[PDB]
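What follows is one chain in structure tokens, specifically the form deposited in one PDB entry.
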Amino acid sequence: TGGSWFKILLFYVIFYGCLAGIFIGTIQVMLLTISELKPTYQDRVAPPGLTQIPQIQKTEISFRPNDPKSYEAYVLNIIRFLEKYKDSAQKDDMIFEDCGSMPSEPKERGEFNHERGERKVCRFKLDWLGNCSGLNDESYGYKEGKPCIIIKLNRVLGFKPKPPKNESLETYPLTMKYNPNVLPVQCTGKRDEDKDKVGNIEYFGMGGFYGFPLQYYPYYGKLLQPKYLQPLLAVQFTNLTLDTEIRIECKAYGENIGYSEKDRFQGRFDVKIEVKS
């Protein structure tokens, strides 16, 4: 009977409309507590993860230099990421500022407020990533057999890395360490045999320093600092044993930087490389 069907359907219509209204109202009342500039908590992200650009599936880099298709995907991924680091895209001056090529103290651009609008960002030049920038050598070192991986630190909003103090040097001591404004990053062999057969490793950072400069921090969060360019570190493994499953572990050292056994990509990462013959 339609006379009662209409009434019960009407009751259901108002009932579900009221339920949806309560749900939406509660969501909105929650969202007024959410800031658009600074996240409420950083429990899960505060220690930034350390990742690489080639974007390899199973933490494996497998390619034969003879066959271009073996490293075609890796080269395409690297160039696709590096498209935004070309000097053509950094030509603008209203948003991009040219800070010095020598590492310096982290620069504060103000508190996270809608006032002052969009902030300015330092420009990162590709020529600093020599031998792996692609400007001098297209397709990087995959043709010759000298793979390049670009190492980046995961973006954390309002994060200021603290490099290790001079008194306590957990990493390899260096005359050129320059700890006040460089976050050290070192790639070593995973185990004894890989350490023996890893070969020479050379690092390309700003001004020949090994790690991430500190003036590129803190990140302000895609709304005050869109088109942000995080510092990059290039690692080339030069000569390594052929037809060998070499495992490489790259680690970032610092006071804020932390490590966990559960998260294998927190403050460090693992790469497996075998160059087929």
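Residue positions are given as counts along the sequence shown, with the first one as 1. Note that the rigid core is defined as the largest set of C-alphas that superpose within 1.5 Å between two forms.
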query: Flanks modelled, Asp127 absent in at least a third of other entries; finding: no
query: Missing-residue flag, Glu105, threshold a third of other entries; finding: no
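Absent from the display: the form deposited in another entry. The rest refers to it.
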| item | value |
| --- | --- |
| Listed options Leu76, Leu169, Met102, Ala89; Cα moving by 2 angstroms or more between the shown form and the other one (core superposition) | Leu169 |
